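Structure, as structure tokens:
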Amino acid sequence: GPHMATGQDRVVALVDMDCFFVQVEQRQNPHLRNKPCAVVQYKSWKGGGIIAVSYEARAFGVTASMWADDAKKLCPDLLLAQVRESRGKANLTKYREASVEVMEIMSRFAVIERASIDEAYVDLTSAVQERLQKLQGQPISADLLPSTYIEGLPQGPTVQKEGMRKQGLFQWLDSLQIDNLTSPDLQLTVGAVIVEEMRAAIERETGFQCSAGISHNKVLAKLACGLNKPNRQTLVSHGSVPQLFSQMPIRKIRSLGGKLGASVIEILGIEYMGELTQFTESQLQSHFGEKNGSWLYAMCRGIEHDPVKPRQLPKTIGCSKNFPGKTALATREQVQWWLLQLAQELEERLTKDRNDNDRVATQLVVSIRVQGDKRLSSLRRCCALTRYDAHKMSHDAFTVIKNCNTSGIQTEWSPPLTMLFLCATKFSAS
DNA sequence: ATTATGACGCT
DNA sequence: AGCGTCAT
Ligand SMILES: Nc1ncnc2c1ncn2[C@H]1C[C@H](O)[C@@H](COP(=O)(O)OP(=O)(O)OP(=O)(O)O)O1
Ligand SMILES: [Ca+2]
Ligand SMILES: [Mg+2]
């Protein structure tokens, strides 16, 4: 009853860029705007692999993780922009730099957690308290929420999508108690007003559109964001959770899309998030462990406590390349040349990071895959990173992996390497 | 031959 | 520490 926490203490948003690498390429090349188009890396094998797709192209069934030659079968007029290649490998610098543009704008409004190259969480609790005072019990006009959906509405006693959006928004606003400055629903609404402003700023200052979710925690904000993509934002209230979750496949919730989520389904014999409410906390802990069990017990009631971490910069800087099929590295000379290529890109990015962000990496992680293994990594080894020097780093990497060579002859490499990976970690202020 | 990343959990 | 899981 009165002592039952409802997880309505925070206002959290998740902002996610729409079709992000495609928008980056469309800004640069106006010929790609408002077209079925995709971003591809490499080209020789099956036309290259698609890693981002415009919404126009998605209408034809084009997806990421598709080969371009196959995409062209669905969409013959598909336009393609290629990822830059430097030192023999795909280079994602353009997209990392575009990411920084958006992250710096978001940071003006609140402290953010960089969740990926194109999305960030925002804790708006304090900003909302501030704006609520400015408002002075003034109602919130629908005009302040021009791209907002209220999940679950309209309900009860309609043909167009925009028309439906406004119907739901009006029902929501009509029901709002603006008198209470601690009403969670009001707090979410003001949060949504701020996120409209944030999203307008991002589009004005970069040209990029995005979607967003507004709720009381990160998991609901993420879920909300996807409900109305692209170029829209969605408010998921605490009250909307029972209906929303009653038909929500468990795999849709962040962290449940893999083996754990499959185990929840199998062990408990359920399909939807809402069905979890029928188990005790101890029951869930017994199957999924203490931490997961407690997290699931709260999450299926719309409650989660994971903080938005104040972290705008990535914690690691890494460089990776696959050498598939026939291209696997089978000579020592090959291995050394590619370690150098990776190390040179790594040095470049590290030197820029040190200048921009006043920090230095202190640990180098070296990872490889050997032909045969189905795991991402076959072997991961760390060594000290004491100088930002590519030749030193590549020599050090070679030293820590050279023992994996089963070949009796040492100019040859067996089994051949199908992946190299260099990663800089353990930053210290500088 | 679904590539190039990046965070966090386990033991 | 090195490995695994999950994610974009
Ligand atoms: N598996 C991947 N491999 C390589 N790059 C990826 C992968 N997934 C995502 N990316 C890149 C390309 C995407 O444009 C960018 C952001 O990913 P993501 O948010 O999942 O999709 P998106 O921004 O392209 O479309 P959406 O509008 O659905 O968000 O990160
Ligand atoms: Ca996105
Ligand atoms: Mg994203």
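Computation of the quantities below employed the complete heavy-atom set of this structure, encompassing side-chain atoms and omitting hydrogens, waters and symmetry-equivalent molecules. By convention in this document, chain letters (A, B, ...) are assigned in the order of the sequence lines, proteins followed by strands, and residues within each chain are numbered from 1.
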Does the side chain of [X] get closer than 4.0 angstrom to OP1 or OP2 of [N] through an N or O atom?
X         : N      : answer
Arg114(A) : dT8(C) : no
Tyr42(A)  : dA4(B) : yes
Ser377(A) : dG4(C) : no
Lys309(A) : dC8(B) : no
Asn322(A) : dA1(B) : no
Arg96(A)  : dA4(B) : no
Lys259(A) : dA7(C) : no
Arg349(A) : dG6(B) : yes
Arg375(A) : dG4(C) : yes
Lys321(A) : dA4(B) : yes

Checking side-chain polar atoms at under 3.5 Å, does [X] have a donor or acceptor matched by the opposite partner on [Y]?
X         : Y         : answer
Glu151(A) : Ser237(A) : no
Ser211(A) : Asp16(A)  : no
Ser86(A)  : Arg84(A)  : yes
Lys94(A)  : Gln28(A)  : yes

At 4.0 Å (heavy atoms only), tell me whether [X] reaches a base, stays on the sugar-phosphate, or touches nothing.
X         : value
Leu92(A)  : sugar-phosphate
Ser116(A) : sugar-phosphate
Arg251(A) : nothing
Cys319(A) : sugar-phosphate
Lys326(A) : nothing
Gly49(A)  : nothing

task: Starting from the 5' end of DNA chain B, give me the residue, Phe421(A) or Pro324(A), whose nearest nucleotide shows up first.
output: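 Looking at DNA chain B, the more 5' nearest nucleotide goes with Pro324(A).
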
Position toward the 5' end of DNA chain B (nearest nucleotide), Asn292(A) or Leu342(A):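 So the residue in question is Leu342(A).
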
State which of [options] makes the closest approach to the side chain of [X].
X         : options                 : value
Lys315(A) : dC8(B), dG2(C), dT5(B)  : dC8(B)
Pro314(A) : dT5(B), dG6(B), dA4(B)  : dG6(B)
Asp16(A)  : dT8(C), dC10(B), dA7(C) : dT8(C)
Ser320(A) : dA7(B), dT5(B), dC10(B) : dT5(B)
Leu260(A) : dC6(C), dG6(B), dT2(B)  : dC6(C)
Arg254(A) : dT2(B), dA7(C), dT5(B)  : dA7(C)

To the nearest Å, give me how far apart [atom1] ([X]) and [atom2] ([N]) are.
X         : N      : atom1 : atom2 : result
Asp373(A) : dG2(C) : CG    : P     : 17 Å
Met103(A) : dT8(C) : CE    : P     : 14 Å
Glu119(A) : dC6(C) : CD    : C1'   : 13 Å
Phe20(A)  : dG6(B) : CZ    : P     : 13 Å
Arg84(A)  : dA4(B) : CZ    : P     : 15 Å
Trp338(A) : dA4(B) : CH2   : P     : 9 Å
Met419(A) : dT3(B) : CE    : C1'   : 11 Å
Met17(A)  : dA7(C) : CE    : P     : 22 Å

Pair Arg199(A) + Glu203(A): basic N to acidic O under 4.0 Å: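 Here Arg199(A) does not pair with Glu203(A) in a salt bridge, since their nearest N and O are not under 4.0 Å apart.
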
message: Salt bridge check, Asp396(A) against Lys392(A): does any charged N sit closer than 4.0 Å to a carboxylate O?
response: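 Yes.
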
task: Hey, can you tell me if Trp67(A) and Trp45(A) have their rings parallel, tilted or perpendicular (30° and 60° cut-offs)?
output: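 If you compare the ring of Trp67(A) with that of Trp45(A), the planes turn out perpendicular.
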
- prompt: Distance between the P atoms of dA1(B) and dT8(C), in whole angstroms?
  reply: 24 Å

